[PDB]
(Lines of atoms letter the chains of each structure in order from A and count residues from 1; the text may use other names and numbers.)
(Lines give C-alpha, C1' and ligand atoms only; values in the text may rest on other atoms or scores of the structure.)
Protein backbone atom coordinates (compact mmCIF):
# COMPACT_ATOMS: atom_id res chain seq x y z
CA UNK A 1 0.00 0.00 0.00
CA UNK A 2 2.41 2.69 1.31
CA UNK A 3 3.42 5.33 -1.31
CA UNK A 4 7.08 5.71 -2.34
CA UNK A 5 7.34 9.32 -3.51
CA UNK A 6 10.54 10.04 -5.38
CA UNK A 7 13.05 12.51 -3.97
CA UNK A 8 12.50 15.89 -5.51
CA UNK A 9 15.27 17.77 -7.26
CA UNK A 10 15.38 20.00 -4.14
CA UNK A 11 15.65 17.06 -1.71
CA UNK A 12 18.42 15.57 -3.89
CA UNK A 13 20.17 18.95 -3.63
CA UNK A 14 19.71 19.06 0.16
CA UNK A 15 21.35 15.61 0.48
CA UNK A 16 24.27 16.67 -1.81
CA UNK A 17 24.82 19.86 0.17
CA UNK A 18 24.81 18.02 3.52
CA UNK A 19 27.12 15.23 2.37
CA UNK A 20 29.39 17.97 1.08
CA UNK A 21 29.14 19.87 4.32
CA UNK A 22 30.09 16.68 6.26
CA UNK A 23 33.11 15.82 4.03
CA UNK A 24 34.41 19.37 4.60
CA UNK A 25 34.12 19.14 8.37
CA UNK A 26 34.76 15.56 9.17
CA UNK A 27 38.36 14.35 8.59
CA UNK A 28 38.01 10.50 8.58
CA UNK A 29 41.84 10.22 9.04
CA UNK A 30 41.93 12.15 12.38
CA UNK A 31 45.17 13.85 11.16
CA UNK A 32 44.67 16.92 13.33
CA UNK A 33 44.72 14.96 16.61
CA UNK A 34 48.54 15.17 16.98
CA UNK A 35 47.89 18.94 17.44
CA UNK A 36 45.81 18.41 20.68
CA UNK A 37 47.48 18.36 24.12
CA UNK A 38 48.75 14.81 24.53
CA UNK A 39 46.71 11.95 25.98
CA UNK A 40 47.97 10.90 29.45
CA UNK A 41 46.81 7.55 30.84
CA UNK A 42 47.76 7.15 34.56
CA UNK A 43 46.70 3.96 36.35
CA UNK A 44 43.29 4.16 38.02
CA UNK A 45 41.83 0.61 37.77
CA UNK A 46 38.95 5.66 41.60
CA UNK A 47 36.93 8.89 41.55
CA UNK A 48 39.34 10.62 43.92
CA UNK A 49 42.36 9.74 41.75
CA UNK A 50 40.65 10.60 38.54
CA UNK A 51 39.51 14.00 39.86
CA UNK A 52 42.95 14.69 41.36
CA UNK A 53 44.70 14.01 38.00
CA UNK A 54 42.13 14.60 35.19
CA UNK A 55 44.91 13.14 32.99
CA UNK A 56 42.77 12.55 29.86
CA UNK A 57 40.89 15.85 30.19
CA UNK A 58 43.27 18.23 28.34
CA UNK A 59 43.29 15.81 25.36
CA UNK A 60 39.56 15.04 25.26
CA UNK A 61 38.56 18.70 25.86
CA UNK A 62 40.79 19.65 22.86
CA UNK A 63 39.09 16.88 20.90
CA UNK A 64 35.54 18.07 21.86
CA UNK A 65 36.53 21.72 21.28
CA UNK A 66 37.86 20.84 17.83
CA UNK A 67 34.61 18.90 17.28
CA UNK A 68 32.44 21.87 18.30
CA UNK A 69 34.24 24.02 15.73
CA UNK A 70 33.51 21.41 13.00
CA UNK A 71 29.83 21.30 14.02
CA UNK A 72 29.53 25.11 13.86
CA UNK A 73 31.06 24.78 10.38
CA UNK A 74 28.69 21.90 9.47
CA UNK A 75 25.61 23.86 10.79
CA UNK A 76 26.42 26.89 8.62
CA UNK A 77 25.91 24.78 5.48
CA UNK A 78 22.53 23.29 6.49
CA UNK A 79 19.90 24.65 3.96
CA UNK A 80 17.85 27.14 5.97
CA UNK A 81 20.12 27.63 9.00
CA UNK A 82 21.54 30.94 7.73
CA UNK A 83 17.93 32.30 7.34
CA UNK A 84 17.71 32.11 11.15
CA UNK A 85 18.69 35.07 13.31
CA UNK A 86 22.26 34.86 14.52
CA UNK A 87 20.85 34.61 18.06
CA UNK A 88 18.75 31.47 17.27
CA UNK A 89 21.70 30.03 15.40
CA UNK A 90 23.76 30.33 18.60
CA UNK A 91 20.99 28.95 20.82
CA UNK A 92 20.66 25.91 18.60
CA UNK A 93 24.45 25.31 18.35
CA UNK A 94 24.95 25.57 22.08
CA UNK A 95 22.12 23.32 23.06
CA UNK A 96 22.79 20.61 20.44
CA UNK A 97 26.66 20.61 20.40
CA UNK A 98 27.29 17.70 22.79
CA UNK A 99 24.46 15.73 21.02
CA UNK A 100 25.94 16.31 17.57
CA UNK A 101 29.41 15.35 18.85
CA UNK A 102 27.97 12.11 20.26
CA UNK A 103 26.23 11.44 16.91
CA UNK A 104 29.22 12.28 14.68
CA UNK A 105 31.57 10.37 16.96
CA UNK A 106 29.73 7.21 15.76
CA UNK A 107 31.90 7.25 12.59
CA UNK A 108 35.08 6.56 14.72
CA UNK A 109 33.24 4.16 17.04
CA UNK A 110 33.82 0.50 16.44
CA UNK A 111 32.20 -2.62 17.75
CA UNK A 112 35.52 -4.40 17.28
CA UNK A 113 36.42 -3.47 20.88
CA UNK A 114 33.80 -0.85 21.79
CA UNK A 115 36.10 2.11 21.45
CA UNK A 116 36.24 5.32 19.46
CA UNK A 117 39.25 4.45 17.30
CA UNK A 118 40.88 7.52 15.83
CA UNK A 119 44.47 6.11 15.51
CA UNK A 120 47.16 4.86 16.37
CA UNK A 121 46.68 3.45 19.82
CA UNK A 122 47.22 6.80 21.55
CA UNK A 123 44.03 8.00 19.80
CA UNK A 124 41.91 5.03 20.82
CA UNK A 125 39.40 5.98 23.51
CA UNK A 126 37.81 3.45 25.87
CA UNK A 127 35.46 3.74 28.87
CA UNK A 128 38.57 3.91 31.11
CA UNK A 129 39.70 7.04 29.20
CA UNK A 130 36.42 8.83 29.72
CA UNK A 131 36.54 8.14 33.44
CA UNK A 132 40.13 9.57 33.48
CA UNK A 133 38.54 12.74 32.11
CA UNK A 134 36.35 12.98 35.24
CA UNK A 135 33.07 11.51 33.95
CA UNK A 136 31.16 8.69 35.60
CA UNK A 137 29.51 5.43 34.42
CA UNK A 138 26.06 7.07 34.60
CA UNK A 139 27.02 8.89 31.42
CA UNK A 140 29.60 6.57 29.84
CA UNK A 141 27.64 3.26 29.87
CA UNK A 142 24.44 4.67 28.25
CA UNK A 143 26.71 6.58 25.83
CA UNK A 144 28.32 3.25 24.72
CA UNK A 145 24.82 1.71 24.44
CA UNK A 146 23.71 4.59 22.25
CA UNK A 147 26.88 4.16 20.06
CA UNK A 148 26.20 0.43 19.60
CA UNK A 149 22.42 1.05 19.00
CA UNK A 150 23.39 3.61 16.37
CA UNK A 151 25.96 1.41 14.69
CA UNK A 152 23.40 -1.40 14.39
CA UNK A 153 20.99 0.87 12.38
CA UNK A 154 23.64 0.73 9.57
CA UNK A 155 22.73 4.24 8.42
CA UNK A 156 23.57 5.39 4.94
CA UNK A 157 25.77 8.44 5.08
CA UNK A 158 22.79 10.33 3.64
CA UNK A 159 20.78 9.28 6.74
CA UNK A 160 23.64 10.08 9.12
CA UNK A 161 24.15 13.67 7.86
CA UNK A 162 20.37 14.32 7.73
CA UNK A 163 20.04 13.05 11.31
CA UNK A 164 22.78 15.45 12.48
CA UNK A 165 21.07 18.36 10.65
CA UNK A 166 17.68 17.48 12.23
CA UNK A 167 19.28 17.28 15.69
CA UNK A 168 20.75 20.75 15.32
CA UNK A 169 17.60 22.44 13.86
CA UNK A 170 15.17 21.50 16.70
CA UNK A 171 12.36 23.94 17.35
CA UNK A 172 11.98 22.75 20.99
CA UNK A 173 15.35 23.91 22.37
CA UNK A 174 14.98 26.17 25.43
CA UNK A 175 15.39 29.85 24.51
CA UNK A 176 14.61 29.86 20.77
CA UNK A 177 12.61 32.85 19.49
CA UNK A 178 11.56 31.76 16.00
CA UNK A 179 10.25 28.25 16.72
CA UNK A 180 8.10 28.21 13.52
CA UNK A 181 10.98 29.02 11.21
CA UNK A 182 13.17 26.38 12.90
CA UNK A 183 10.34 23.88 12.67
CA UNK A 184 9.98 24.80 9.00
CA UNK A 185 13.70 24.12 8.37
CA UNK A 186 13.54 20.87 10.35
CA UNK A 187 10.37 19.71 8.55
CA UNK A 188 12.15 20.12 5.19
CA UNK A 189 15.05 17.91 6.49
CA UNK A 190 12.69 15.29 8.06
CA UNK A 191 10.64 14.96 4.88
CA UNK A 192 13.89 14.47 2.94
CA UNK A 193 14.90 11.81 5.45
CA UNK A 194 11.52 9.98 5.38
CA UNK A 195 11.43 10.03 1.54
CA UNK A 196 15.12 8.89 1.34
CA UNK A 197 14.41 5.89 3.64
CA UNK A 198 11.39 4.69 1.60
CA UNK A 199 13.08 5.09 -1.86
CA UNK A 200 16.64 4.28 -1.14
CA UNK A 201 16.86 2.11 1.90
CA UNK A 202 16.68 -1.64 1.04
CA UNK A 203 14.29 -3.93 1.35
CA UNK A 204 12.72 -1.28 2.31
CA UNK A 205 10.78 -3.13 5.05
CA UNK A 206 12.41 -0.81 7.60
CA UNK A 207 10.69 2.50 6.74
CA UNK A 208 10.52 1.73 10.54
CA UNK A 209 14.04 3.05 10.43
CA UNK A 210 12.58 6.55 10.68
CA UNK A 211 10.96 6.00 14.13
CA UNK A 212 14.16 4.32 15.35
CA UNK A 213 16.24 7.38 14.33
CA UNK A 214 13.75 9.68 16.03
CA UNK A 215 14.15 7.52 19.17
CA UNK A 216 17.97 8.16 18.96
CA UNK A 217 17.18 11.85 19.07
CA UNK A 218 15.26 11.28 22.27
CA UNK A 219 18.17 9.13 23.66
CA UNK A 220 20.47 12.08 22.80
CA UNK A 221 18.38 14.43 24.97
CA UNK A 222 18.81 12.19 28.06
CA UNK A 223 22.59 11.93 27.40
CA UNK A 224 22.67 15.67 27.07
CA UNK A 225 20.95 16.14 30.47
CA UNK A 226 23.36 13.69 32.09
CA UNK A 227 26.47 15.26 30.55
CA UNK A 228 25.36 18.65 31.76
CA UNK A 229 25.01 17.35 35.33
CA UNK A 230 28.43 15.82 35.25
CA UNK A 231 30.16 18.72 33.49
CA UNK A 232 28.75 20.94 36.32
CA UNK A 233 30.47 18.74 38.96
CA UNK A 234 33.63 18.41 36.91
CA UNK A 235 33.73 22.25 36.80
CA UNK A 236 33.90 22.33 40.65
CA UNK A 237 37.42 20.71 40.49
CA UNK A 238 39.97 23.47 41.22
CA UNK A 239 41.96 24.64 38.15
CA UNK A 240 39.67 22.54 35.88
CA UNK A 241 39.24 25.45 33.46
CA UNK A 242 42.94 25.33 32.46
CA UNK A 243 42.21 21.76 31.24
CA UNK A 244 39.26 22.92 29.04
CA UNK A 245 39.18 25.55 26.22
CA UNK A 246 37.37 28.94 26.10
CA UNK A 247 34.92 27.39 23.58
CA UNK A 248 34.14 24.42 25.80
CA UNK A 249 33.64 26.77 28.86
CA UNK A 250 31.23 28.97 26.85
CA UNK A 251 29.27 26.12 25.31
CA UNK A 252 28.82 24.07 28.53
CA UNK A 253 29.27 26.71 31.30
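For the two forms, the rigid core is made up of the largest set of C-alpha atoms that agree within 1.5 Å on superposition. Residue numbers count along the first chain shown, from 1.
Each structure in 8 other deposited structures of this protein is fitted to the shown form on the rigid core, and of 195 to 203 and 213 to 221 the C-alphas lie farther away on average for 195 to 203.
Going from residue 45 to residue 46, you skip over 1 to 3 residues of the deposited sequence that the entry leaves unmodelled.
Averaged over their C-alpha atoms, the temperature factors of 103 to 111 and 79 to 87 are higher for 79 to 87. Looking at mean Cα B-factors across 171 to 179 and 149 to 157, the upper value is held by 171 to 179.
Among all modelled residues in this chain, the alpha-carbon of residue 137 has a temperature factor (C-alpha) in the highest third. In this PDB entry, residue 12 carries a Cα temperature factor that places it within the highest third of its chain's modelled residues. For residue 198, the recorded CA B-factor ranks within the highest third of the chain. Only modelled residues enter the ranking. When the modelled residues of the chain are ordered by C-alpha B-factor, residue 22 sits in the lowest third. In the PDB entry, a CA B factor belonging to the lowest third of its chain's modelled residues is recorded for residue 62.
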